[PDB]
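As structure tokens, one chain now follows by itself in the form deposited in one PDB entry.
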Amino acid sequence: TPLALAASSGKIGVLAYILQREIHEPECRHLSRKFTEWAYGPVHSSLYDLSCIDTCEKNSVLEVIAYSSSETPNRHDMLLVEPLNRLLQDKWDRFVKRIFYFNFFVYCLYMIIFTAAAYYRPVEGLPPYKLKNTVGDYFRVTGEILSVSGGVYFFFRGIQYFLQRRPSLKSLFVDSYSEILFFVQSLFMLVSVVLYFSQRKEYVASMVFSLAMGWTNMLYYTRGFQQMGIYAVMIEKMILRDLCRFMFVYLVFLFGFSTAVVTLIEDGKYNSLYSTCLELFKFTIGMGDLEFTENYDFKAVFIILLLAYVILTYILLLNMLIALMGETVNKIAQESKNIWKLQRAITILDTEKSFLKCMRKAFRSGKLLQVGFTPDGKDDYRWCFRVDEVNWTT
């Protein structure tokens, strides 16, 4: 539809025109959208014809705005249009805020079990392990199999995500970040299961990365808290901007001076590349040692290089990072609030695709009528209107 094409392109005012058109005329009130049926004292209650929600149409409007390729003009502004911008706010505060707190209650109990199942792993060699008859490790084995079940669940739900939309590996990390991470978490969980029954001890590597990834995915549920949520968006957008560009520059100076200080070292402990690449990394933390070796010639060469390193990377790049974060904070400061708004909207749509077997609340704010007039006949039983309200504005 040209409605959906105005959305799927991102033409912003056109969509404001369509969703709010007004006509008090015979054979044309059936052409109008915004039905100001209660124009009482200053609150202007209005009703909206609502072919936009996904329960109405197939390939409907909100799924179009939410699932876009993020190369559109302003996808983060088309949710601000007055019929939609309270329809989600209704659906959240009425319906999905209950079930969203539920999953975050489940997922917090998923990680605590997966924590304690890993914290009390057995130390003896050769996996897998015969469960002892003591009543303690039955909790371990139940804790083990519960935690694998989450790795199963996030595996299919990661797939049946991607088996729908197919973001084609360029929109994948671009917009659908932190949906990859739940898949990658589950992916490490299954490789840990594979090696646990293929008897090799290296499963616990895969268990560990599945666990550190898992706790950091508890930042996902900071959406649904607009204080925390907009904050966590900035943490995403600083990683995808100030780590691909910062850590290239830092690794040049690191791996540059780390190489120049190897070849100066004649022999001894730090004569490998790796063991001195830590020792120059410790300067960045704040544990750098200036006299961390002596087995070389030309001490003046050695301490010019450390001082050329520490000046360039500790007091100059790491302070340049704090600047360029702060200069890029103010730009993101309003745009990230928009990205929060859209991420809640995806969670709202994702649950109606989930909670479809109980779809009595799938409609929003009216299904009866607001028209009562059509050129083809009666219109007092259709157009499934949404009751709204308004302010004074004198």
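Residues carry their position along the shown sequence, with the first being 1. Just so we're on the same page, rigid core means the largest C-alpha set that superposes within 1.5 Å between forms.
The following text describes the form deposited in another entry, which does not appear among the structures shown.
Here the two forms are overlaid on the core, and between the shown form and the other one the C-alpha of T284 is the only one among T284, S176, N217, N103 to shift by 2 Å or more. Core-superposed comparison between the shown form and the other one: the C-alpha position of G13 differs by less than 2 Å. When two forms of a protein are overlaid on their rigid core, residues whose CA moves 2 Å or more are considered shifted, and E37 is not one of them between the shown form and the other one. Once the rigid core is used as the reference frame, the Cα position of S149 differs between the shown form and the other one by less than 2 Å.
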